[PDB]
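For reference, the structure I am asking about is given below.
When the chains are written out, they are named A, B, C, D and E in that same order, and each has its own residue count from 1.
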Amino acid sequence: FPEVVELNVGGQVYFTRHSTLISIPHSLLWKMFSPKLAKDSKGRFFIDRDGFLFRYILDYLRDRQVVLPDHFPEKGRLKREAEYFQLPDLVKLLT
Amino acid sequence: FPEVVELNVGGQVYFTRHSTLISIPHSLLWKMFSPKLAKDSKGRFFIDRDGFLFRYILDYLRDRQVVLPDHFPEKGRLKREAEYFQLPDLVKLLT
Amino acid sequence: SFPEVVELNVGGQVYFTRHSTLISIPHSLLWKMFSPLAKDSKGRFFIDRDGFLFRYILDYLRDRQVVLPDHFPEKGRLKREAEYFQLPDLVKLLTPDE
Amino acid sequence: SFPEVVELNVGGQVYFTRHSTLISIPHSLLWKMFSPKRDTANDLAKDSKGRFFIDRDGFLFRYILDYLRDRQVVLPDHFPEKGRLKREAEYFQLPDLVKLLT
Amino acid sequence: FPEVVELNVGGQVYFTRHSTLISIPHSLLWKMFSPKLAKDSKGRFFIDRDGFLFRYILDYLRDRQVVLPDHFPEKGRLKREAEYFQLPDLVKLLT
């Protein structure tokens, strides 16, 4: 895997470090990006999840804490995304 | 059909796995993408439905459940979309 | 002729629909326009109307029915749009009796 | 030199309208701005994107644009800022719209 | 370093002057671009943060002040970004 990973999450393009994707052991992205996969038309790694919500999943992977926009109406949806990506501490934070 | 399908739903661009579109048998998207279609100017598969609501149709196809944003004012509209795409269990969840 | 999938620019908002949807209701304005027309700089068919309201006009053309968002504050404005597009049954659905 | 479909940037909000709509009311500001009666007249402010720029409230222009299209005013249900729009109609020099908003 | 620096901030491409990146001494971008790193697949300088919030970070580097859009819902998120980029005076302005 390259140092900088190019992702396509349900249509939205994200760039992150490989270390960020494998930062939390036993999580879904850690299982997927183990240093040892579906690709988009432009050769980007594809994740079949909501693109807009992934922005906050990424920031939780970067900081182990995520600040949400004022009057964020998708807390419950982000909790479901956190459940899918298997991030129990983020699930606890969003309950 | 490619592994990652590029969709244009009434103006809104979505990317999903082909398996996700054919996940529910006897549904409309299953009929449309059965391996045995209208295309946009940029060669994307076209769906003549509301683009904004398709976001929640996609998440239901991904998880066989969908979490909606807080104070979602388009439950009735999504129910009509679920009826069109022939997803009875999603229609039941929105009633 | 007209393509299968029509690219529209309605007062700034970009919409994509099937040509069959635009000519689904005979003697309506969109039927008159697309029966076999201004174009923007990007070559999209231009409609000089409110872009946000067109979303509900499109759904009425798709199903001959339209569900509106809860506490929709532009019922009167959509009625005016329905009048412009010459959709009498949609006008009747949006007109209050009291 | 004006295109059939004019791309406008009104204080941040992007609007698309026909050139005929902008010059529909003679002696109004948008008519002065866009009229080919200008003959040797070219300047109008443009944004970075190349769109014609109008230094006014973007949200209220929506109802100014609909008055030019229909020569009537259909407003959203429970619209509070009626005076602000009349002030916009005063700026765009639309006396008949001013009279409708009284 | 070139006069005009090409950046990739979590997917979003930004172009700025080298002087703007080193305008505030002892900040993270100063230490990164000092005349005395990570690169994207296309050879662009990579920053593993949120791409959308980074425009405001550049505005503060240019003018030493930042005007936010009316009803800006991401003040808290931009405060976290300001903390990461080590801009204490910007953090104080966002508290």
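The rule is simple: a residue touches a chain if its C-beta (ideal position, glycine included) is under 8 Å from a C-beta of that chain, and two chains touch if they have at least 3 such contacts.
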Intersection of contact partners for chain A and chain E: none
Mean-CA-position distance for chain B and chain A (Å): 22
Euclidean distance of C-alpha centroids - chain B vs chain D, Å: 39
Separation of chain A from chain D, taking each centre as the mean of its C-alpha atoms, in whole Å: 44
Residues of chain C whose C-beta touches two or more other chains: none
Overall pattern in which the protein chains touch one another (line/ring/star/complete/other): line
Chain B-facing residues of chain A, complex: 8, 10-11, 38-41, 46, 48-50, 73-77, 79-80, 84
In the complex, chain A residues that touch chain E: 2-4, 6, 13-17, 20, 55, 58-59, 62-63, 67-72
